[PDB]
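Novice: For reference, the structure I am asking about is given below.
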Amino acid sequence: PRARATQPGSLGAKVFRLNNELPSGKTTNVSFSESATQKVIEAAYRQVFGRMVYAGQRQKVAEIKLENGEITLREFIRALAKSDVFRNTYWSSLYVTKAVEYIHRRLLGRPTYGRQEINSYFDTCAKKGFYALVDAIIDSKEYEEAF
Amino acid sequence: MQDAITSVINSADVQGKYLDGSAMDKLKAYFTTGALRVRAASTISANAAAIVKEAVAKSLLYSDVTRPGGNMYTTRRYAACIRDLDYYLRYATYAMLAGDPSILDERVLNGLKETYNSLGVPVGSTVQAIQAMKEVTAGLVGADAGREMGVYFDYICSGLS
Amino acid sequence: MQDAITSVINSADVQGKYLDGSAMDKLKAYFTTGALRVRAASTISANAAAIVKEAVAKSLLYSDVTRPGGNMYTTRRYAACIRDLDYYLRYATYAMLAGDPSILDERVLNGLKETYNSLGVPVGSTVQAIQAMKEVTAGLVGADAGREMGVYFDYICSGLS
Amino acid sequence: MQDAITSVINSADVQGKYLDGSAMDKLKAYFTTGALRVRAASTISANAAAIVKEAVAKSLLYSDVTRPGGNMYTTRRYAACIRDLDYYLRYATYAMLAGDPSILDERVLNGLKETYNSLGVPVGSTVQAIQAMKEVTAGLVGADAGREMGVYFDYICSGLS
Amino acid sequence: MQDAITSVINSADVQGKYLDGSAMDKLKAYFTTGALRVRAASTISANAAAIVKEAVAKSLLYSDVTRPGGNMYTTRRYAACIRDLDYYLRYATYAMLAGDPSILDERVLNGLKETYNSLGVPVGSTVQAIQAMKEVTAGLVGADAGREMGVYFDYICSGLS
Amino acid sequence: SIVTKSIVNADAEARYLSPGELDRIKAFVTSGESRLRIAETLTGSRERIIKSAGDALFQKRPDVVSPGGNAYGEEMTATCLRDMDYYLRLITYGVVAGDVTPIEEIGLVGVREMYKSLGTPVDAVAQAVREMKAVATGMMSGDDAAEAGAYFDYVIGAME
Amino acid sequence: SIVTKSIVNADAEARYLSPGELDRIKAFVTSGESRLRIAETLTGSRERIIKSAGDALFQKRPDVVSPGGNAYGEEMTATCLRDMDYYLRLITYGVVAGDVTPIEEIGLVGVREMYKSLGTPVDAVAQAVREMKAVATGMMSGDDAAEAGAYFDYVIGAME
Amino acid sequence: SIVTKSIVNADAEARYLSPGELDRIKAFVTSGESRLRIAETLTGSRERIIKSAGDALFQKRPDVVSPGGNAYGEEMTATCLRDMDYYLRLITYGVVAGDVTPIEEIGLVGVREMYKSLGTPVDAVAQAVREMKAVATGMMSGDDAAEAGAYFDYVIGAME
Amino acid sequence: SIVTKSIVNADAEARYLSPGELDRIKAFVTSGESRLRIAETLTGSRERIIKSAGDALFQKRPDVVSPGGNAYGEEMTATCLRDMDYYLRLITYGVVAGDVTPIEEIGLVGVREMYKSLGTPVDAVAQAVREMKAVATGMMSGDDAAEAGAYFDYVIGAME
Amino acid sequence: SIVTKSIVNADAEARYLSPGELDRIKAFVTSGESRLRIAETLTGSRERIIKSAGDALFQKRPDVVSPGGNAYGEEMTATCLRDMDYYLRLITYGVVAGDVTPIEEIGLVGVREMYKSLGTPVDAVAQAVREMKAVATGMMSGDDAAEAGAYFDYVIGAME
Amino acid sequence: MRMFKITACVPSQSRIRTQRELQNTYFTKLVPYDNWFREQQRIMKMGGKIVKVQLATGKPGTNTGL
Ligand SMILES: CCC1=C(C)/C(=C/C2=NC(=C\c3[nH]c(/C=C4\NC(=O)[C@H](C)[C@H]4CC)c(C)c3CCC(=O)O)/C(CCC(=O)O)=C2C)NC1=O
Ligand SMILES: CCC1=C(C)/C(=C/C2=NC(=C\c3[nH]c(/C=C4\NC(=O)[C@H](C)[C@H]4CC)c(C)c3CCC(=O)O)/C(CCC(=O)O)=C2C)NC1=O
Ligand SMILES: CCC1=C(C)/C(=C/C2=NC(=C\c3[nH]c(/C=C4\NC(=O)[C@H](C)[C@H]4CC)c(C)c3CCC(=O)O)/C(CCC(=O)O)=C2C)NC1=O
Ligand SMILES: CCC1=C(C)/C(=C/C2=NC(=C\c3[nH]c(/C=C4\NC(=O)[C@H](C)[C@H]4CC)c(C)c3CCC(=O)O)/C(CCC(=O)O)=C2C)NC1=O
Ligand SMILES: CCC1=C(C)/C(=C/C2=NC(=C\c3[nH]c(/C=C4\NC(=O)[C@H](C)[C@H]4CC)c(C)c3CCC(=O)O)/C(CCC(=O)O)=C2C)NC1=O
Ligand SMILES: CCC1=C(C)/C(=C/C2=NC(=C\c3[nH]c(/C=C4\NC(=O)[C@H](C)[C@H]4CC)c(C)c3CCC(=O)O)/C(CCC(=O)O)=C2C)NC1=O
Ligand SMILES: CCC1=C(C)/C(=C/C2=NC(=C\c3[nH]c(/C=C4\NC(=O)[C@H](C)[C@H]4CC)c(C)c3CCC(=O)O)/C(CCC(=O)O)=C2C)NC1=O
Ligand SMILES: CCC1=C(C)/C(=C/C2=NC(=C\c3[nH]c(/C=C4\NC(=O)[C@H](C)[C@H]4CC)c(C)c3CCC(=O)O)/C(CCC(=O)O)=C2C)NC1=O
Ligand SMILES: CCC1=C(C)/C(=C/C2=NC(=C\c3[nH]c(/C=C4\NC(=O)[C@H](C)[C@H]4CC)c(C)c3CCC(=O)O)/C(CCC(=O)O)=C2C)NC1=O
């Protein structure tokens, strides 16, 4: 449980980090920084939604706030997951328990462990709703320790 | 998830045809009943907790299921039961507003039987609880609004059984 | 985020009084403007892409910015420029609908100044482009709503400069 | 992140011209340095741990820092110190390979100053350790590439101080 | 985050010595206080909601804050106020158990000042509420542990002011 | 109002306002006179509404006015009527707003937590707003009573 | 539709429908008769709308019918008029439903990807819907033309 | 219990039981005799505990038995004493188990939601457990009263 | 260049440069003369390449030069050839860089968005760079034509 | 100490302290005298422990005192005994803390990295703390030797 | 929206990594008001002192409109 944060090498999926922090005022034309930031935004779009979303549907306001550097990658993934296209795709078409399970597999990278964990997240879905479900998944200590 | 309008449009689109007179008549029927649907939805949103607690007071209270050994015994199980009944009333209100029970089998009745069978939840006792909830809300909103609520309550009880 | 209505309610709330007749006067002023605000908003929403392309064709196109040596040279910077202009027009339409420039001070002009200093964006070219867009939308949707868009575009320019 | 090549392309791009002969002169200067840059980079990559241990043994070991009372006392702070030194050496090798200190200004000296003020890290001991590492790598890989590493280590010290 | 024990170990560690007899004296002082610290902590944990409601009923209730015009007017601000008071009481209980106010300086008073300036929270009303809570918990759990809670509540007030 | 809610909806969906909700804002604009009349009649007879509703609440639920209850004494009953005054005031604000959101911002977020602190039974407050609803809809004409009863119904729904 | 959107927007928020949303559904329910009249106006005269709009489009943008363009030839021009017929049908659906979720949820999501895979200029399609809007709002009364032009406006806006 | 809690806390950590946890289990195993004596003290005199605690509660909080309160009438007062009997039984379970996971895991998780759905003031229930604690710790020796008052303290703390 | 890309790869993986990519930089260093020759021949005959490729594009796709199309008129055709000049210039930059990254930074990020704004059909631009590729590889020797055609191929791949 | 660790455990699990770990803190409070006696005897005889353990280590592993080894010379052997002094000091700190966490914070995080830097064989340091453990448990009474040997055992476990 | 601009710094404490990680240990970002308590508790659980908190947008003393 100390090694939740250790990334797998060549035996699992690759992990994308936003470590370069896209920093520039008076940026070079052939700056390599924006291109890697586009790679990371690409990666967040296809890990949250699964696929690259259609061209009219992607959020440009959260991409712009990330490339300017005011929000973190965690809050950017929270703004991707609390969007209308994500909830119309995954939360509004499905059963509530199946939506809890699939949103947990999308945002935490793993299926749920047991019943307490599902009785606690679907209670957050009960008294508060889907937005607090995304907020409680992104809050969790496994998310902060893993990513 | 589709209301009466979206289902009419989906039928006319799967046909590939334009909206003929029968579709116009169906949409006129929905546009006449919609104000009654709105007022019944407001009246049900008024008294959510009262309808739920009167349904438990009619059916589930003072029976064996609230006694030791019952599935409604503990405070956790009581809170989850109130939570389940609030879900049934809320989604019956949604299906009343849409005029189509597609949300019920999309989002309530999808894995509900297998969940209740895995947990050990009695399906007959919760069907009686939903029936008492239907009886209370039909006493609340009147005859015809109670009937158009009870058709979706009977849909939930039929999909649960 | 406040309307004319929410700012009236807020001002009557800080001092602590109920609704007085002067508040009702401001509210009826807002409504009698708000009908034509709706029609102008629909007209701007219909023609936003042509408005932005006429704005950049009026002011920014044959200058040093869209040329080499300017901050609008590459296709990355051109796409960012068109996106910045679209966002100015959209937020001006929101401020026109609400009847209050609090959204422009809240979401647009919050940190736009310092990132425009830090990226080296010229403030004067942006202000010229916004004013060109202002009389483009004034010639499109009409005179009084042209003035409506005018004070909100001027609010954006004053927060920018 | 720019090389000598990318900075040449970038400078010829801001003013808007094609490649002139002076740009080709800078490019051939970069190549004739770049062959020995490669061999020096392989030598530094081979001996990085010995370079860092000789740097700390030269300057930081028998002082008050590695002693109690200094910022290098605990094993946590010692491990952080060795990691900081390894990162300085690695980024100096990257800047030596690229022929441009833009990476040091981009990734190293971005917010390193304020966290060094906030954690209470001594700037002078770090600068002494980097200069000791500089002549350690100069005695290792040779004279001209020693000067190459020298201006990039000096760039790190000037951004630090 | 340090106890009396961890601060003793830390102080003996910075100068570099082993445990001396005066450290054992401080440790036995901590233990003979710590038994009644445990009983007072259980008493405070049992009655925290009544303590907070008596604190706000003593000082904040019939003033301008809980009235309109104050920062405690809306139910949002009232709920935030009760949550702030509960957090002050909980962290005071943690500091009482540890025997060290380092937790209050670490987690409570870290950035609480500037957000209290920025949201416009009155410092004086909060200090009065904390002192009212202080003698409420003093009358609850007793005299010596009342003094224990007193210096930690005073630490919170001094970090606040 | 309805305009702030339509704006935050078009913002989160990152598009302009649809002509449906432009027509909604236009219909709200034209119905301003009816809501002004409703809020006018409510601000007119607030004392009579509060007095009849408070006596009906005390007749229905005597636990709050009993010894040992919450609202016991002159000042406690006066503060109970003051809280009913605040809720009828927020009812008028939401009636003139066309939306329930100022009622949400001012008096619906933490009422369970703060009444858990004061010791007020929240279902008694729901009964009080129920009596205020019955009296105010008894005063109004039936269509305007339906409009005001929508907001009253929302308040008692968010209570219990 | 309006009812779907209100139900979903209350559904994520874990609340019932607010009374303002309920009178929104009520006003849409009352305006459904005028919506059905606009739908019959758009349905009954689809031949002249598609014919005149195709004529004005190919007059306005002649390069797409010239050799080298997409809609060159008999069957290609027939497919072009078929695509215009599809968009007029979606306009009728959006007129009846009271919102643009039929139009967007059927024929506007991947329209850029589809027309890029076909090799079609999307601006000329926007001009086709513009000429359809001109012929259609030339066919109705004032408020009917405004209510239909809202959805035509949404289609041309969702093109570019 | 103590053994369950130690096993689970070592179980998440992927380790065996630490020796400090093992002497914790050993000390609980030795103190089980005094725990069983406190349990027989609480079990054998449950009639007088429930009777005297109900008497002192209705003396202290008379509004819940007055008309208008929850426990008004014969069967409602019988159900009130039954709920107090439930909580004394859970107190006995927590006394035997050496930890509050029986009490919390049976009758304290959704206690707020249940008593809000029934219409019950939870502060009066906390007063009921307070009077039960007074009668029960008036019935034992000093350390026995402290060890039982720890679990009574946990129940009143978990109420509010 | 290849060195910036290897440096950002070793940076994100937080290690030194591997001897494989050191050998890659060394091989790039030795192949500098061949890429200088390729970029030399391309900068020599840029006008002939642009003229033959533009006439081949206008012969292949006449929709852009038709009335109503994008590139209609003297100045519009001249700006079309100017855009082909910019793309051949970026082709030479990427040819001398050994990497496609300056072509990405200068002219590949938002070309779909900006050509959606201007109204330019992007597939026509892909055909233009296809004709420039065919003509430039017709000019070069076959191995150097393969190298330049790799970058041309990358540009038309990022276009369509 | 045990209290900081129980507090960070109750913090991450976002609850109050369980009565099990309250009993854990109370038992730690009562066992303070025994741990004071253990740390007292260790702080008494630290020089004899260090001298016998260093000579036993040099008798067991002569590679460190050989020419070419790490601890060669007067000052190097004195610094070796100084490092053994630091580790016995941290052993006493963890013995009086009731937890291994100050030993972790001060001297267990980067010992492999820093001894990779200095050239010290870390398994030789593990042998040194093994000899210090054997000598200190030879000095103590068997129960207190078990307690001190738990912390010594933890240090040699975190070493190798 | 009442967006807070925070200039906080996050500590190391343990698990020394060979990644660069300047962007985690010192940063300046902006977070919304409603989750500002949660995020502040994350910085408190990490153990790093926060330097400056400002309110980027919105006004104190507003009962309606947020
Ligand atoms: C939104 C669609 C949906 C529904 C309906 C749903 C139900 C659901 N009800 C559950 C439990 C429950 N449901 C009941 C309800 C009842 N038992 C009785 O005796 C009564 C007859 C009946 C109430 C009227 C009880 C007592 C439990 C708890 C079982 C337990 O804790 O062992 C559980 C077990 C996990 C948990 O409590 O939080 C689920 C997933 N989940 C969903 O996603
Ligand atoms: C909702 C309110 C809001 C606004 C307005 C906003 C603007 C914004 N404009 C930006 C860039 C830009 N904005 C411009 C603007 C212009 N081109 C010019 O030269 C003219 C002076 C002007 C065209 C009218 C340019 C050129 C850039 C990109 C410069 C660069 O970073 O390469 C960026 C950096 C990220 C990006 O590349 O887009 C942001 C965040 N963000 C917001 O959240
Ligand atoms: C663990 C340490 C810790 C503390 C203490 C803490 C406090 C804290 N108090 C806040 C607000 C507040 N605190 C108060 C306080 C008061 N009401 C008054 O008027 C009195 C002066 C005082 C009641 C005793 C109020 C009114 C607000 C909300 C003001 C607003 O933003 O609308 C906020 C902004 C977010 C929120 O709305 O809760 C934080 C983060 N955060 C922490 O992490
Ligand atoms: C606009 C949003 C809003 C609400 C809801 C609000 C409630 C509120 N209710 C209060 C008191 C009170 N409210 C009640 C009300 C009740 N108890 C009963 O017995 C009745 C059943 C129920 C009346 C419906 C009582 C008895 C008090 C005094 C409590 C005390 O003094 O302990 C006070 C304390 C005095 C003050 O500062 O004015 C506030 C702030 N304030 C607000 O700004
Ligand atoms: C209801 C939503 C919907 C749309 C829009 C749709 C479009 C659609 N348009 C097609 C072709 C086409 N559509 C056009 C249309 C045009 N080209 C022009 O120059 C004009 C600007 C424009 C019409 C005015 C043309 C020319 C083709 C043939 C493309 C080809 O043959 O390569 C095809 C492929 C053949 C087929 O199966 O019909 C589809 C699927 N399908 C749908 O389900
Ligand atoms: C072991 C954990 C556990 C608890 C606590 C529990 C409580 C519980 N209390 C109930 C009723 C009740 N409980 C009370 C109790 C009180 N009202 C007051 O005024 C007093 C303050 C207080 C007791 C001293 C009353 C009055 C009712 C009847 C509510 C009604 O009839 O509406 C009911 C519904 C009827 C039934 O089946 O008994 C349950 C399930 N069940 C459980 O399994
Ligand atoms: C190096 C990266 C880069 C690119 C790609 C670029 C494109 C670019 N293309 C432009 C115009 C244009 N480009 C075209 C090109 C075309 N339309 C057609 O018919 C042809 C098929 C196609 C030619 C392949 C046309 C017609 C215009 C003028 C558009 C107008 O005036 O409306 C302009 C406006 C004039 C100016 O400021 O120079 C720019 C900036 N600029 C850059 O810096
Ligand atoms: C409390 C946590 C802590 C530790 C662990 C620590 C270790 C430490 N060991 C050191 C040296 C050393 N330590 C050794 C020890 C050894 N080599 C051997 O041959 C023996 C097998 C082994 C002894 C067990 C030697 C030989 C040196 C001198 C190394 C040199 O000078 O190159 C030094 C350098 C001198 C100084 O600044 O005091 C430090 C800081 N300091 C600390 O604060
Ligand atoms: C890629 C560029 C980059 C650098 C350089 C970087 C440095 C960096 N150095 C740090 C600490 C440190 N750096 C030192 C440095 C030193 N020891 C001394 O006393 C000397 C003056 C100097 C040894 C040469 C120390 C002692 C700490 C830890 C202080 C503490 O937080 O306890 C920290 C805080 C987290 C940590 O504990 O490691 C960062 C982020 N981060 C980056 O992303």
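Here, A, B, ... name the chains of the structure tokens in the order displayed, residue numbers run from 1 inside each chain, and ligands are numbered from 1 in the same displayed order.
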Compile the contact shell of residue 30 (chain K) as a VMD selection string: residues with an atom at most 10 Å away, counting only C-alpha atoms, same-chain residues fewer than 6 positions apart removed.

Specialist: (chain A and resid 65 69 to 72 75) or (chain K and resid 3 to 7 36 53 to 56)

Novice: Give me, as a VMD selection string, all polymer residues having an atom no more than 8 Å from region 65-78 of chain C, counting only C-alpha atoms and skipping those fewer than 6 positions away in the same chain.

Specialist: (chain A and resid 29) or (chain C and resid 120 to 122) or (chain D and resid 14 to 16) or (chain I and resid 105 to 111 114)

Novice: Could you list, as a ChimeraX atom specification, every residue of chain I that has an atom within 10 Å of an atom of chain A, counting only C-alpha atoms?

Specialist: /I:1,4-5,8,11-13,101-107,109

Novice: Kindly export the residues of the current selection with N, CA and C atoms, as a CSV table (one decimal), in the first residue's frame.

Specialist:
chain,number,residue,atom,x,y,z
I,1,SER,N,14.2,19.9,-33.4
I,1,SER,CA,15.0,18.9,-34.0
I,1,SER,C,14.9,17.6,-33.3
I,4,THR,N,16.0,18.1,-29.4
I,4,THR,CA,15.0,18.6,-28.5
I,4,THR,C,14.0,17.5,-28.1
I,5,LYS,N,13.6,16.7,-29.1
I,5,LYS,CA,12.6,15.6,-28.8
I,5,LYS,C,13.3,14.5,-28.0
I,8,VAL,N,13.3,16.0,-24.4
I,8,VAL,CA,12.1,16.0,-23.6
I,8,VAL,C,11.6,14.6,-23.3
I,11,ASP,N,13.7,13.8,-20.3
I,11,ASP,CA,13.2,14.6,-19.2
I,11,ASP,C,11.9,14.0,-18.6
I,12,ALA,N,11.0,13.6,-19.4
I,12,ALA,CA,9.7,13.1,-18.9
I,12,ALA,C,9.9,11.7,-18.3
I,13,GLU,N,10.9,10.9,-18.8
I,13,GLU,CA,11.3,9.7,-18.2
I,13,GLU,C,12.3,9.9,-17.1
I,101,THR,N,8.6,18.4,-35.9
I,101,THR,CA,8.1,19.3,-34.9
I,101,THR,C,8.1,20.8,-35.2
I,102,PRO,N,9.0,21.4,-36.0
I,102,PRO,CA,8.8,22.8,-36.4
I,102,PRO,C,7.6,22.9,-37.3
I,103,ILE,N,7.3,21.9,-38.2
I,103,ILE,CA,6.1,22.0,-39.0
I,103,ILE,C,4.9,21.9,-38.1
I,104,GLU,N,5.0,21.1,-37.0
I,104,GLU,CA,3.9,21.0,-36.1
I,104,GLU,C,3.6,22.4,-35.3
I,105,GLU,N,4.7,23.0,-34.8
I,105,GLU,CA,4.6,24.2,-34.0
I,105,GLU,C,4.1,25.4,-34.9
I,106,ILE,N,4.6,25.5,-36.1
I,106,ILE,CA,4.3,26.7,-36.9
I,106,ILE,C,3.0,26.5,-37.7
I,107,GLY,N,2.8,25.3,-38.3
I,107,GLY,CA,1.6,25.2,-39.2
I,107,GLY,C,0.8,24.0,-39.2
I,109,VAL,N,-1.2,23.0,-35.9
I,109,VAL,CA,-2.0,22.9,-34.7
I,109,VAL,C,-3.4,23.2,-35.0

Novice: What lies within 6 Å of residue 62 (chain F) using only C-alpha atoms, ignoring chain neighbours under 3 positions off, as a list in words?

Specialist: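 Listed by chain and then number, they are residues 58 and 65 of chain F; 68 of chain H.
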
Novice: Where does chain F meet chain B within 10 Å, residue by residue, with the nearest atom pair and distance in Å to one decimal for each, counting only C-alpha atoms, listed by chain and rising number, as a tab-separated table?

Specialist:
residue	atom	partner	partner_atom	distance
F:130	CA	B:46	CA	9.4
F:146	CA	B:39	CA	8.4
F:149	CA	B:42	CA	8.8
F:150	CA	B:42	CA	6.4
F:151	CA	B:42	CA	9.3
F:152	CA	B:46	CA	8.4
F:153	CA	B:46	CA	4.7
F:154	CA	B:46	CA	6.2
F:155	CA	B:46	CA	8.0
F:156	CA	B:46	CA	6.0
F:157	CA	B:46	CA	4.6
F:158	CA	B:46	CA	8.3
F:159	CA	B:46	CA	9.4
F:160	CA	B:49	CA	6.1

Novice: Might you pull out every residue within 8 Å of region 105-111 of chain D, with only C-alpha atoms counted and same-chain residues fewer than 5 positions away left off, and present them as a count of residues only?

Specialist: 10

Novice: Given a cut-off of 7 Å, what residues near ligand 5 show up using only C-alpha atoms and all ligand atoms, put as a PyMOL selection string?

Specialist: chain G and resi 54+64-65+69-71+76-77+79-81+83-84+86-87+90+106-107+111+118-122+124-125+128

Novice: Please indicate the distance in Å from CA of residue 35 (chain E) to CA of residue 29 (chain J), rounded to one decimal place.

Specialist: 7.1 Å

Novice: At a cut-off of 12 Å, using only C-alpha atoms, what residues contact residue 1 (chain A)? Leave out same-chain residues fewer than 3 positions from it and give the result as a list in words.

Specialist: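 Non-adjacent residues within range: residues 4, 5, 6, 141, 142, 145 and 146 of chain A; 11, 12, 13, 14 and 15 of chain H.
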
Novice: Would you export the selected residues with N, CA, C and O atoms as a tab-separated table (two decimals), in the first residue's frame, please?

Specialist:
chain	number	residue	atom	x	y	z
A	4	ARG	N	1.14	2.25	-4.06
A	4	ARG	CA	0.04	2.68	-4.92
A	4	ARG	C	0.53	3.67	-5.96
A	4	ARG	O	0.01	3.69	-7.08
A	5	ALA	N	1.51	4.49	-5.61
A	5	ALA	CA	1.96	5.57	-6.49
A	5	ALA	C	3.00	5.11	-7.50
A	5	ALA	O	3.26	5.84	-8.46
A	6	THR	N	3.59	3.94	-7.31
A	6	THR	CA	4.63	3.47	-8.21
A	6	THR	C	4.01	3.00	-9.52
A	6	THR	O	3.16	2.12	-9.53
A	141	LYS	N	-8.86	9.20	-1.05
A	141	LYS	CA	-7.43	9.09	-0.74
A	141	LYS	C	-6.71	8.17	-1.70
A	141	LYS	O	-5.50	8.32	-1.90
A	142	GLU	N	-7.42	7.23	-2.32
A	142	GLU	CA	-6.80	6.40	-3.34
A	142	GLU	C	-6.50	7.20	-4.60
A	142	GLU	O	-5.52	6.91	-5.29
A	145	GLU	N	-3.38	9.34	-3.57
A	145	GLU	CA	-2.18	8.52	-3.44
A	145	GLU	C	-1.77	7.91	-4.77
A	145	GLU	O	-0.57	7.75	-5.03
A	146	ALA	N	-2.73	7.59	-5.64
A	146	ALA	CA	-2.40	6.96	-6.90
A	146	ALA	C	-1.92	7.96	-7.93
A	146	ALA	O	-0.92	7.73	-8.62
H	11	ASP	N	-5.02	-6.20	8.65
H	11	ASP	CA	-5.34	-6.88	7.40
H	11	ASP	C	-5.18	-5.94	6.21
H	11	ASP	O	-4.71	-6.36	5.15
H	12	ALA	N	-5.59	-4.69	6.37
H	12	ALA	CA	-5.37	-3.71	5.31
H	12	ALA	C	-3.89	-3.42	5.13
H	12	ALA	O	-3.42	-3.25	4.00
H	13	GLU	N	-3.12	-3.42	6.22
H	13	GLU	CA	-1.70	-3.10	6.19
H	13	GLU	C	-0.83	-4.23	5.66
H	13	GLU	O	0.39	-4.07	5.61
H	14	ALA	N	-1.44	-5.37	5.27
H	14	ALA	CA	-0.76	-6.55	4.72
H	14	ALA	C	0.31	-7.09	5.66
H	14	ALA	O	1.35	-7.59	5.23
H	15	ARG	N	0.05	-7.02	6.96
H	15	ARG	CA	1.01	-7.48	7.95
H	15	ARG	C	0.27	-8.33	8.96
H	15	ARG	O	-0.95	-8.41	8.97

Novice: Pick from H:63, H:35, H:20, H:144: nearest to ligand 4, with only C-alpha atoms and all ligand atoms counted?

Specialist: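 Smallest distance to ligand 4 is found for H:63.
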
Novice: Point out the residue among C:136, C:104, C:23, C:81 with the least atom-to-atom distance to ligand 7, counting only C-alpha atoms and all ligand atoms.

Specialist: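 Closest to ligand 7 of all the choices is C:81.
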